[PDB]
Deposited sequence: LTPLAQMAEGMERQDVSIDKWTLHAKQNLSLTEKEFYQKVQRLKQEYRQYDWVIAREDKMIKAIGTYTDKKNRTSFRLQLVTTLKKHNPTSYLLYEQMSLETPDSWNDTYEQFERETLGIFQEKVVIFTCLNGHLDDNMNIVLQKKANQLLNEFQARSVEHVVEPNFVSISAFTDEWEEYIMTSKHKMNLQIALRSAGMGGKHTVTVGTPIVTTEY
């Protein structure tokens, strides 16, 4: 069900390798300097797990809370921001979960986050899901696929090496053939990591 489960599982099927997932939620707020440090003080009482840093790059103030859950191989960030210079100040609270590792259950972790969200924000907020991943650099997989596309392009018998693929084949498409040591062939396809070689009856030397 959860967008996390779906995005993940969709990415695998599409051969995307997952490097990192993050879940985040944000709540706009309106905070005086005074209210800001009040909120910070409450956050430090309620969520003792975080290590806090206050940063003030003017005219803005940032309370950044940080914590990594080693048991669950997951990281959290709670961040309160206000822009200091305004008699109608724009502020927000941001809650963020992150990991470099696939969790036991994509669904239990999303439902957990959503759950914690309500405790932190005391309101139902939009939850943002973002996955990072990479494509498979194994040049053996692309070499082999095209080989087949070509084989079918035409209409076998086979190989495979470090960065190499070769095929012998047959089709009732041409006059010529050769029989030698058990068997009987008239098309050679050869890819190398990109190089293509196509020959009738064989690619010679």
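- Unmodelled regions of the deposited chain, listed from N- to C-terminal end, are 156 to 158, 197 to 202, 215 to 216.
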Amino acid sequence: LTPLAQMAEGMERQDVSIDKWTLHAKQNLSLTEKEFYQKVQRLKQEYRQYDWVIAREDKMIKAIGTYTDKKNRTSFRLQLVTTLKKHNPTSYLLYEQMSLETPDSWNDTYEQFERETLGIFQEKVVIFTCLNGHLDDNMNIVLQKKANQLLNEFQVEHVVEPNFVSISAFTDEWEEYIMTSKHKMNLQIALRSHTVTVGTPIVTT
From here on, numbers count along this sequence of modelled residues.
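- Of the two stretches examined, 135 to 143 and 59 to 67, the record assigns the greater average C-alpha temperature factor to 135 to 143.
- 38 to 46 and 156 to 164 differ in mean CA B-factor, and the higher of the two is recorded for 156 to 164.
- Annotation for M185: C-alpha temperature factor in the highest third relative to the rest of the modelled chain, per the entry.
- In this PDB entry, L150 carries a Cα temperature factor that places it within the highest third of its chain's modelled residues.
- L31: CA B factor lies in the lowest third for its chain, per the PDB record.
- In the PDB entry, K20 places in the middle third of its chain by CA B-factor.
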